[PDB]
């Protein structure tokens, strides 16, 4: 059930603050999101296709 | 635009049991998943129903009573006062649970497990006597109140329920002082017929005694018993 | 019409981490546009993934280990305890980040960059040993746990991930005292085959060692480490 | 009703099974576990050391009224090192330690009520803490709360003239003014790395070395509290309140002494 | 996984790449930058001069507990001119200045925690300030806040018998009564003319003359605070809280000393 609290008013602090956050873990693991934000260093020119090419060795 | 307030006289008090919450200082903290967990209960009533052992022969307590090969109508095998304070119940979960509340209501269940030989035979008279005229002094007087006859045979135990008979809707859990000739009556156990046996068999047997709450049983108003030390 | 209030016992306290704001004294202040700005991040996890250098041979730390022309199964090239407290990790961003939190979870990534000659050849056995039976003492014992064989060739580095193997969902970041024979196990690096080379080439090479968080890695509950002075 | 208790389970009845009766049920909600522990109870008296408000913290106790406290309902202290940081114990220490001594009042710090009645093996909850100064005059109190398993040696003063408790980004609370109500209240989250906490005993060691000492599971508390303040002569009581309590696996409670007296008890 | 770190970028994995495993992700939000700095930490202890409430202000310090403070997490003070208006510094001064001296507690004023951990080159934020008197008795405090780059010499008393701090239309805050909680709180906006602020170092001079002194970029703070009050004997702590923090360009943090001891650390 619930405890000993019987106030009519909506809790002034939201729940994620008033209480701990119950989480549940699934047995088989979970995939991290793909990206944690948009910060990134980028590697360009990695590959090919296009230059002063095919004078270039085989 | 600042809002006007009237400060109540009780400004600044702290109430140990306030129906409200306080200031959170470390929000957004996720917990460690505990979802694999089992065995949880949510109401004490959920487990108050499990029988635990009544202590006989206090303070040299044993979890049983002994039936003999003689039926003296004048001699009870046991006499329990129906009080959640009986020194008899002092260590049952019922009593340990109950001591944290002010009042109770409902059925009490006394369970007897016969532990003698399969070859033994016998009959017991278990009675509940409401208060008013004192405790019964012979099986003949007990037999005048609520009672059951327990016959020994294939089935090992007997569950006796003492009916809640009371003027008030609830009864106080604990005693202030000691409760006289009062309390709420008595559970007395008597032999109707003696334990009988064949040659080659012991002439007395132990009967395990336990107590539990009935489906009826209720408790209300949480408090704290007088503090004690187990030693 | 003034509203009646009940003052709580905690009246007047200041909470360093209160989930709330205070009084603004200089409103309607427009800022200097900073919209040309680049390089912003929003979560530490965003950069905890970038490998930084592990210190070898403390306190005469060097960012690398040395492979030789001999494979002694009895001699690890390195042994790291898997603790975000290892003096080994003390100056990695992972460790510097982690020291501001109470617990972590997830994958740790040990990256090795071979820096020897192109003419050299060799194979390493990198193993992760969970706790319980102590640290392995020979490549033969390490080989009994989680491990990978790293072959030298065109591709310069090797990224070894130590799997999060733990009874609890999370692990404590820092050590209180020192953690024994405990901690969470060990990463040991061994030679499988010796570094081989042709005539005219050095007979040992440096292997750069770095550490980072895996995509799995998480940290929780911000605190402050014990204060220190870099000098 | 005839029954067979050997099965390990016994059918529950009311007076209705064997006699001519009626069930007598009436609803109540005070027996729910959450409701029962959702009230404050004290764990002991504490003290602040002189001029702690402006210097390095150091373990110390006034009359076995220390300086810091571990947030846990279980026993802790050990009056023999009243001047050392407190620790969790596996037994409660009486008031005296020799025959002629007394059990109450206890010397260690614990939630005696919780100890006396906790019929469960494991539990999970949030902790509401109340600090109550034993004075109705001004009182200044600085508190530092450290999550379980984090640094608990708030010993180095880093800022000239500032308590070492008052350092960092670790939660610190401070009440001190002529118009306060002197008391402090707040609720802390659940920070053990453990999924659920041992309520009475934990049958295992601290290291895999099995340097044998069973009883307590590591990091199974709610953290440590450090105090600094201005009335080094006033003691304050610390109270715990279990917010949204959950318990698992019923188990036995503390033994109650046989009345080598009557056929009933009472009070005290 | 085979890789090539020379590219300057390394593919991230989980145990899943090389072995038979599963990812073990679980969400949390305490690692966001804004959340991390959105908590108060102290920068030092300050003092008020006698009878400043009714006279001309003048720089002064009590025990290297000055009179005014620059709102910045970086070092400032310079204990050698404890009687001069404080200034931002490019180094932190130990407690003593000779061998036999001590590093803690530091003499300069700074957010040591911010200093110890700020892995970014630039940042922007609003500043929440808390003034906490080290006393639980009445305390009167007058504060003058001047935006960065504005007049900071609140030296001329213009009104007979009124503090010179208490002059003009510049924000002034004052708490002083028998029923206050003694502490003061408020948040100031971001007033640097700069778009974003250097968090650690700024590689440039103050004038185009290149009268060479690199380190700090001009007007890169949140302003100056001046204090006047009634308890010239009570010191107060000043705390900073970064409201809606934004950081740009990761960079290295402060060096941590090699344990010329174990293979792990601890606390303190």
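Quick reminder, even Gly has a Cβ in these numbers, built from the backbone with ideal geometry, and neighbours come from all protein chains shown. Readers should treat all values here as calculations from the given coordinates under stated rules, not as data from a laboratory.
Laid out as a table, the results:
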| quantity | calculated |
| --- | --- |
| 7 Å along Cα→Cβ, label-point gaps from residue E:160 to other copies, nm, shortest first | 4.0 |
| Relative contact order %, chain D, counting alpha carbon pairs below 8 Å whose residues are six or more apart | 29 |
| Helix-derived mean residue ellipticity, 222 nm - over chain E, DSSP H n ≥ 4, -39500 (n - 2.57), to 500 | -500 deg cm²/dmol |
| Largest-first principal axis extents of the Cα set of region E:129-225 (Å) | 53, 31, 21 |
| Nearest-to-axis residue of chain C, judged by beta-carbon position, where the axis maps C onto B, in Å | C:5, 4 |
| Separation between Cα centres of region D:206-266 and region B:47-95, rounded to whole Å | 32 |
| Paired Rg and Dmax values of the protein assembly as shown, which use every Cα atom, in angstrom | 35.8, 122 |
| Over 17 Å [Cα-Cα, chain A], rounded percent | 75 |
| Cα gyration tensor of region B:119-231 - equivalent ellipsoid semi-axes, whole Å, descending | 33, 19, 15 |
| Label-point gap, in nm, between residue E:244 and residue E:50 - each point 7 angstrom along Cα→Cβ | 4.6 |
| Average silhouette area of region C:103-171, convex hull of alpha-carbon atoms, in square nanometres | 5.8 |
| Helix-derived mean residue ellipticity, 222 nm - over chain B, DSSP H n ≥ 4, -39500 (n - 2.57), to 500 | -1000 deg cm²/dmol |
| Order of D:162, E:158, C:211 - criterion: other Cβ atoms within 10 Å of each residue's Cβ, fewest first | E:158, C:211, D:162 |
| Chain A, helix-only ellipticity at 222 nm - DSSP H runs n ≥ 4, -39,500 (n - 2.57), divided by all residues, nearest 500 | -1000 deg cm²/dmol |
| Order of C:72, B:183 under a 10 Å beta carbon neighbour criterion, fewest first | C:72, B:183 |
| Volume per residue of the C-alpha convex hull in region D:28-175, rounded to whole Å³ | 165 |
| Exam field: residue C:202 pseudo-label spacings to other copies (7 Å along Cα-Cβ), nanometres | 8.7 |
| Whole-number D in µm² s⁻¹ for chain C, Kirkwood Cα-pair radius fed into Stokes-Einstein, 20 °C, 1.002 mPa s | 102 |
| Shortest-first distances to equivalent copies, position residue C:33, nm, label 7 Å out along Cβ | 4.7 |
| Rounded FRET efficiency, nearest 0.05, which uses the C-beta distance separating residue B:10 from residue C:25 and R0 of 30 Å | 0.35 |
| Cβ neighbours within 10 Å from other chains - mean over D:15-23 | 6 |
| Contact order normalised by residue count of region D:147-201, Cα under 8 Å, 6+ apart, percent | 27 |
| Cβ nearest the rotation axis (D onto E), residue from chain D and distance to the nearest whole Å | D:179, 3 |
| Antiparallel %, DSSP beta bridges [both residues in the protein assembly as shown], to 5 | 95 |
| Alpha carbon centroid spacing (whole Å) that separates region E:147-172 from region A:2-30 | 49 |
| Stokes-Einstein D (µm²/s) once Rh is taken as the Kirkwood radius of chain D over alpha-carbon pairs, at 4 °C in 1.567 mPa s | 61 |
| For D:125, D:249, E:146, order by how many other beta-carbon atoms lie within 10 Å, fewest first | D:249, E:146, D:125 |
| Centroid-to-centroid separation of region B:104-139 and region B:153-231 [C-alpha atoms, Å] | 8 |
| Region B:3-73 pair-distance distribution - Cα-Cα, 10 Å bins, rounded % | 10, 15, 22, 16, 17, 11, 7, 2, 1 |
| Chain C: relative contact order in percent, alpha carbon pairs under 8 Å with at least 6 residues between | 34 |
